[PDB]
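Raw protein.cif, mmCIF, C-alpha atoms:
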data_input
#
loop_
_atom_site.label_atom_id
_atom_site.label_comp_id
_atom_site.auth_asym_id
_atom_site.auth_seq_id
_atom_site.Cartn_x
_atom_site.Cartn_y
_atom_site.Cartn_z
CA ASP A 13 16.34 228.49 88.63
CA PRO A 14 13.89 225.58 88.04
CA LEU A 15 16.10 222.51 87.44
CA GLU A 16 18.60 223.75 90.00
CA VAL A 17 16.36 223.69 93.08
CA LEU A 18 15.16 220.33 91.85
CA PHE A 19 18.74 218.99 92.04
CA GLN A 20 20.23 220.99 94.92
CA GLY A 21 17.34 222.53 96.89
CA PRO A 22 17.04 226.18 97.98
CA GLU A 23 19.52 228.71 99.37
CA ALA A 24 20.05 228.74 103.14
CA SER A 25 20.66 231.59 105.57
CA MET A 26 24.17 231.81 106.94
CA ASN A 27 26.52 234.40 108.40
CA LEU A 28 29.92 235.04 106.81
CA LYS A 29 32.08 238.11 106.46
CA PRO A 30 32.03 239.61 102.98
CA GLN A 31 35.84 238.84 102.68
CA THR A 32 35.13 235.15 103.13
CA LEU A 33 32.94 235.13 100.03
CA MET A 34 35.93 236.61 98.12
CA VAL A 35 38.27 233.89 99.38
CA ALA A 36 35.79 231.09 98.70
CA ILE A 37 35.35 232.34 95.15
CA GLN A 38 39.12 232.50 94.37
CA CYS A 39 39.86 229.10 95.92
CA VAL A 40 36.92 227.39 94.25
CA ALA A 41 37.89 228.85 90.85
CA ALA A 42 41.58 227.94 91.47
CA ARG A 43 40.89 224.31 92.47
CA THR A 44 38.45 223.85 89.57
CA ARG A 45 41.06 224.97 87.02
CA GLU A 46 43.58 222.54 88.52
CA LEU A 47 41.17 219.62 88.58
CA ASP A 48 40.06 220.48 85.02
CA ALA A 49 43.64 219.83 83.88
CA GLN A 50 43.62 216.46 85.65
CA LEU A 51 40.75 214.88 83.72
CA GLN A 52 42.97 214.20 80.69
CA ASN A 53 44.03 210.60 81.28
CA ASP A 54 42.51 209.09 84.41
CA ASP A 55 41.27 205.53 84.60
CA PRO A 56 37.49 205.46 83.97
CA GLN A 57 36.40 204.93 87.61
CA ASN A 58 38.52 207.75 88.95
CA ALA A 59 37.58 210.13 86.13
CA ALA A 60 33.91 209.50 86.89
CA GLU A 61 34.41 210.61 90.51
CA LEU A 62 36.34 213.63 89.44
CA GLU A 63 33.62 214.58 86.92
CA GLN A 64 31.03 214.18 89.68
CA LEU A 65 33.02 216.40 92.05
CA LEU A 66 33.43 219.09 89.36
CA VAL A 67 29.62 219.12 88.93
CA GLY A 68 29.46 220.12 92.57
CA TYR A 69 32.30 222.62 92.26
CA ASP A 70 30.77 224.35 89.23
CA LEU A 71 27.34 224.69 90.87
CA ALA A 72 28.93 225.98 94.05
CA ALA A 73 30.88 228.57 92.04
CA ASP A 74 27.61 229.62 90.46
CA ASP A 75 25.97 229.86 93.89
CA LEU A 76 28.87 232.01 95.22
CA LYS A 77 28.77 234.29 92.17
CA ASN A 78 25.07 235.07 92.73
CA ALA A 79 25.77 235.92 96.35
CA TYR A 80 28.71 238.10 95.29
CA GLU A 81 26.63 240.03 92.75
CA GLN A 82 24.16 240.97 95.52
CA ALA A 83 27.12 241.85 97.73
CA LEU A 84 28.31 244.27 95.03
CA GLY A 85 25.13 246.23 95.81
CA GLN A 86 25.38 246.11 99.63
CA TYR A 87 29.02 247.12 100.21
CA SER A 88 31.56 249.56 98.91
CA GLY A 89 35.09 248.72 97.80
CA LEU A 90 34.52 245.19 96.53
CA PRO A 91 36.38 244.28 93.36
CA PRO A 92 34.25 243.45 90.30
CA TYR A 93 33.60 239.71 90.09
CA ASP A 94 35.74 239.45 86.94
CA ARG A 95 38.76 240.85 88.74
CA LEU A 96 38.17 238.46 91.65
CA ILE A 97 38.65 235.31 89.59
CA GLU A 98 41.48 236.75 87.41
CA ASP B 13 39.09 236.77 120.16
CA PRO B 14 37.13 239.93 119.39
CA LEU B 15 39.47 241.58 118.66
CA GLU B 16 38.27 239.76 115.49
CA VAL B 17 35.58 242.36 114.85
CA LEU B 18 38.04 245.18 115.47
CA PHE B 19 40.11 243.80 112.60
CA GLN B 20 37.68 242.07 110.23
CA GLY B 21 34.27 243.56 110.96
CA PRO B 22 31.11 241.62 111.79
CA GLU B 23 29.45 238.67 110.08
CA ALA B 24 27.03 239.46 107.25
CA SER B 25 23.76 237.76 106.28
CA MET B 26 24.17 235.56 103.23
CA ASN B 27 22.24 233.06 101.19
CA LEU B 28 24.05 229.94 99.96
CA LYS B 29 23.26 226.26 99.63
CA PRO B 30 24.81 224.10 102.40
CA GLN B 31 26.76 222.18 99.71
CA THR B 32 28.34 225.46 98.69
CA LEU B 33 29.69 225.98 102.21
CA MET B 34 31.01 222.41 102.10
CA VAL B 35 32.68 222.94 98.68
CA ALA B 36 34.15 226.27 99.84
CA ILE B 37 35.59 224.71 103.01
CA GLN B 38 37.10 221.92 100.92
CA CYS B 39 38.64 224.24 98.30
CA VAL B 40 39.96 226.79 100.79
CA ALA B 41 41.75 224.00 102.70
CA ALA B 42 43.14 222.43 99.54
CA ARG B 43 44.28 225.71 98.13
CA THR B 44 45.86 226.86 101.39
CA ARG B 45 47.99 223.67 101.52
CA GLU B 46 49.14 224.25 97.93
CA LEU B 47 50.10 227.85 98.68
CA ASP B 48 51.81 226.78 101.92
CA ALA B 49 53.91 224.45 99.76
CA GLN B 50 54.75 227.20 97.24
CA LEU B 51 55.91 229.41 100.08
CA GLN B 52 58.78 227.00 100.77
CA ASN B 53 60.30 227.92 97.41
CA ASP B 54 59.54 231.66 97.14
CA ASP B 55 62.04 234.52 97.47
CA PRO B 56 61.12 237.15 100.11
CA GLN B 57 59.96 239.37 97.27
CA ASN B 58 56.94 237.22 96.37
CA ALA B 59 56.73 235.59 99.77
CA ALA B 60 55.39 238.71 101.54
CA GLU B 61 52.40 239.11 99.22
CA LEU B 62 51.65 235.41 99.51
CA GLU B 63 52.00 235.51 103.33
CA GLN B 64 49.54 238.39 103.37
CA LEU B 65 47.13 236.52 101.08
CA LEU B 66 47.30 233.55 103.48
CA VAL B 67 46.36 235.65 106.50
CA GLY B 68 43.16 236.34 104.53
CA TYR B 69 42.67 232.73 103.50
CA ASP B 70 43.18 231.45 107.03
CA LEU B 71 40.77 233.92 108.62
CA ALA B 72 38.16 232.98 106.02
CA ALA B 73 38.75 229.32 106.73
CA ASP B 74 37.97 230.02 110.41
CA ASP B 75 34.90 232.03 109.36
CA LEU B 76 33.71 229.10 107.19
CA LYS B 77 34.37 226.62 110.00
CA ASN B 78 32.21 228.55 112.50
CA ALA B 79 29.38 228.58 109.93
CA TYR B 80 29.76 224.85 109.45
CA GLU B 81 29.65 224.22 113.20
CA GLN B 82 26.31 226.06 113.22
CA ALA B 83 25.22 224.01 110.19
CA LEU B 84 25.97 220.76 112.02
CA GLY B 85 23.15 221.76 114.35
CA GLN B 86 20.68 222.91 111.66
CA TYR B 87 20.74 220.07 109.10
CA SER B 88 20.86 216.29 109.09
CA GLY B 89 23.40 213.99 107.44
CA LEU B 90 26.36 216.43 107.24
CA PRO B 91 29.85 214.88 107.38
CA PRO B 92 32.23 215.74 110.24
CA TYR B 93 34.11 218.96 109.55
CA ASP B 94 37.44 217.10 109.42
CA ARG B 95 36.30 214.92 106.53
CA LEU B 96 35.86 218.11 104.44
CA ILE B 97 39.42 219.41 104.94
CA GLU B 98 41.28 216.11 104.80
#

Would you mind writing the structure in this file as structure tokens?
Amino acid sequence: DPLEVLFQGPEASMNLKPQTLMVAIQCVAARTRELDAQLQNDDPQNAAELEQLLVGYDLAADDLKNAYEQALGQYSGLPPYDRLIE
Amino acid sequence: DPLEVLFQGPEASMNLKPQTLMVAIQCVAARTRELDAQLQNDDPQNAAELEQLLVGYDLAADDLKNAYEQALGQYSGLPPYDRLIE
């Protein structure tokens, strides 16, 4: 993804259990939905910070999704991504 | 101890941006607090499922923390781990 590496740099190697990717995905989706509902009526300075944080949350969720899609090919018994976030 | 592996299996090789690990740590902590709070007002019916979900969330938080401790020795300018979960 061209513009993405430009803004955030490349993937890095790390070690995590597959379960941890599932948890990270649920919690990041959960927190994002909550914070989404908190934009409506903030003072302008605070809303800016919140918007800037959500940029980071959304990209992270994207990053975790890509990793999960690979994981769907390397393990057995993982729920489909769509079930994970719902 | 391990233990650990007996119960949760080994670490797997993953590719994620370092930011993504930071965002995941932050959201897992935030979300775990919120669910801890909900527990105080759950009947035992729902409580047991939620308790069992939290075992998972907590183990993943530990898994994420270990990865971050490694990260603190692989990259420059990372915040202290406590600033992520505050």

Set out as a Markdown table a contact list for chain A and chain B with a cut-off of 8 Å, giving each residue of chain A that qualifies its closest atom pair and distance in Å to one decimal, counting all atoms listed in the file, ordered by chain and rising residue number.
| residue | atom | partner | partner_atom | distance |
| --- | --- | --- | --- | --- |
| A:20 | CA | B:29 | CA | 7.7 |
| A:21 | CA | B:29 | CA | 7.5 |
| A:22 | CA | B:29 | CA | 6.4 |
| A:23 | CA | B:29 | CA | 4.5 |
| A:24 | CA | B:27 | CA | 5.2 |
| A:25 | CA | B:27 | CA | 4.9 |
| A:26 | CA | B:26 | CA | 5.3 |
| A:27 | CA | B:25 | CA | 4.8 |
| A:28 | CA | B:23 | CA | 4.9 |
| A:29 | CA | B:23 | CA | 4.5 |
| A:30 | CA | B:24 | CA | 6.6 |
| A:31 | CA | B:72 | CA | 7.1 |
| A:32 | CA | B:72 | CA | 4.7 |
| A:35 | CA | B:69 | CA | 6.1 |
| A:36 | CA | B:36 | CA | 5.2 |
| A:37 | CA | B:36 | CA | 7.8 |
| A:39 | CA | B:40 | CA | 5.4 |
| A:40 | CA | B:39 | CA | 5.4 |
| A:42 | CA | B:43 | CA | 7.5 |
| A:43 | CA | B:39 | CA | 6.2 |
| A:68 | CA | B:35 | CA | 7.5 |
| A:69 | CA | B:35 | CA | 6.4 |
| A:71 | CA | B:32 | CA | 7.9 |
| A:72 | CA | B:32 | CA | 4.7 |
| A:73 | CA | B:32 | CA | 7.8 |
| A:75 | CA | B:28 | CA | 6.4 |
| A:76 | CA | B:28 | CA | 7.1 |
| A:79 | CA | B:27 | CA | 6.6 |

*asked:* Between atom CA of residue 90 of chain B and atom CA of residue 19 of chain A, what distance in Å does the model show, to one decimal?
replied: 17.2 Å

*So these two share a sequence; what Cα RMSD do you get laying chain B over chain A, all Cα, in order, least squares?*
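My reading of the C-alpha RMSD is 0.8 Å.
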
*Å distance separating atom CA of residue 49 of chain A from atom CA of residue 63 of chain A, one decimal place*: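 Computed distance, atom CA of residue 49 of chain A to atom CA of residue 63 of chain A, equals 11.7 Å.
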
*asked:* To one decimal place in Å, what is the distance between atom CA of residue 54 of chain A and atom CA of residue 92 of chain B?
replied: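 The value is 28.6 Å.
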
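The nearest approach to residue 50 of chain B among the residues B:87, B:93, B:62, B:98, with only C-alpha atoms taken into account, belongs to B:62.
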
Reconstruct N, CA and C atoms of segment 75-94 of chain B; output as a PDB file, keeping the file's coordinate frame.
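Output saved as rebuild_8.pdb:
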ATOM      1  N   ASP B  75      36.255 231.518 109.552  1.00  0.00           N
ATOM      2  CA  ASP B  75      34.900 232.030 109.360  1.00  0.00           C
ATOM      3  C   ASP B  75      33.984 230.923 108.794  1.00  0.00           C
ATOM      4  N   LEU B  76      34.450 230.219 107.758  1.00  0.00           N
ATOM      5  CA  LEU B  76      33.710 229.100 107.190  1.00  0.00           C
ATOM      6  C   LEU B  76      33.480 227.989 108.209  1.00  0.00           C
ATOM      7  N   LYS B  77      34.496 227.695 109.007  1.00  0.00           N
ATOM      8  CA  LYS B  77      34.370 226.620 110.000  1.00  0.00           C
ATOM      9  C   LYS B  77      33.279 226.906 111.051  1.00  0.00           C
ATOM     10  N   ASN B  78      33.271 228.129 111.582  1.00  0.00           N
ATOM     11  CA  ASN B  78      32.210 228.550 112.500  1.00  0.00           C
ATOM     12  C   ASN B  78      30.819 228.364 111.882  1.00  0.00           C
ATOM     13  N   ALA B  79      30.662 228.743 110.610  1.00  0.00           N
ATOM     14  CA  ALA B  79      29.380 228.580 109.930  1.00  0.00           C
ATOM     15  C   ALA B  79      29.030 227.115 109.834  1.00  0.00           C
ATOM     16  N   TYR B  80      30.030 226.277 109.579  1.00  0.00           N
ATOM     17  CA  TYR B  80      29.760 224.850 109.450  1.00  0.00           C
ATOM     18  C   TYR B  80      29.377 224.242 110.794  1.00  0.00           C
ATOM     19  N   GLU B  81      29.977 224.735 111.875  1.00  0.00           N
ATOM     20  CA  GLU B  81      29.650 224.220 113.200  1.00  0.00           C
ATOM     21  C   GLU B  81      28.185 224.512 113.503  1.00  0.00           C
ATOM     22  N   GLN B  82      27.736 225.729 113.198  1.00  0.00           N
ATOM     23  CA  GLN B  82      26.310 226.060 113.220  1.00  0.00           C
ATOM     24  C   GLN B  82      25.482 225.098 112.365  1.00  0.00           C
ATOM     25  N   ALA B  83      25.922 224.887 111.121  1.00  0.00           N
ATOM     26  CA  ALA B  83      25.220 224.010 110.190  1.00  0.00           C
ATOM     27  C   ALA B  83      25.039 222.604 110.749  1.00  0.00           C
ATOM     28  N   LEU B  84      26.045 222.112 111.466  1.00  0.00           N
ATOM     29  CA  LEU B  84      25.970 220.760 112.020  1.00  0.00           C
ATOM     30  C   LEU B  84      24.785 220.642 112.974  1.00  0.00           C
ATOM     31  N   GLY B  85      24.335 221.772 113.514  1.00  0.00           N
ATOM     32  CA  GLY B  85      23.150 221.760 114.350  1.00  0.00           C
ATOM     33  C   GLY B  85      21.855 222.245 113.695  1.00  0.00           C
ATOM     34  N   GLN B  86      21.850 222.383 112.368  1.00  0.00           N
ATOM     35  CA  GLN B  86      20.680 222.910 111.660  1.00  0.00           C
ATOM     36  C   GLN B  86      20.218 221.974 110.547  1.00  0.00           C
ATOM     37  N   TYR B  87      21.052 220.995 110.191  1.00  0.00           N
ATOM     38  CA  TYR B  87      20.740 220.070 109.100  1.00  0.00           C
ATOM     39  C   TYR B  87      21.146 218.659 109.472  1.00  0.00           C
ATOM     40  N   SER B  88      20.560 217.682 108.802  1.00  0.00           N
ATOM     41  CA  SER B  88      20.860 216.290 109.090  1.00  0.00           C
ATOM     42  C   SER B  88      21.690 215.636 107.988  1.00  0.00           C
ATOM     43  N   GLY B  89      22.555 214.703 108.378  1.00  0.00           N
ATOM     44  CA  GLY B  89      23.400 213.990 107.440  1.00  0.00           C
ATOM     45  C   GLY B  89      24.654 214.709 106.921  1.00  0.00           C
ATOM     46  N   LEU B  90      25.110 215.751 107.615  1.00  0.00           N
ATOM     47  CA  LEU B  90      26.360 216.430 107.240  1.00  0.00           C
ATOM     48  C   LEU B  90      27.573 215.669 107.749  1.00  0.00           C
ATOM     49  N   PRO B  91      28.631 215.565 106.927  1.00  0.00           N
ATOM     50  CA  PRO B  91      29.850 214.880 107.380  1.00  0.00           C
ATOM     51  C   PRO B  91      30.580 215.679 108.462  1.00  0.00           C
ATOM     52  N   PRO B  92      31.404 215.004 109.273  1.00  0.00           N
ATOM     53  CA  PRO B  92      32.230 215.740 110.240  1.00  0.00           C
ATOM     54  C   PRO B  92      33.135 216.735 109.518  1.00  0.00           C
ATOM     55  N   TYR B  93      33.327 217.894 110.126  1.00  0.00           N
ATOM     56  CA  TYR B  93      34.110 218.960 109.550  1.00  0.00           C
ATOM     57  C   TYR B  93      35.493 218.507 109.063  1.00  0.00           C
ATOM     58  N   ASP B  94      36.115 217.586 109.794  1.00  0.00           N
ATOM     59  CA  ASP B  94      37.440 217.100 109.420  1.00  0.00           C
ATOM     60  C   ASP B  94      37.455 216.306 108.117  1.00  0.00           C
TER      61      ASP B  94
END
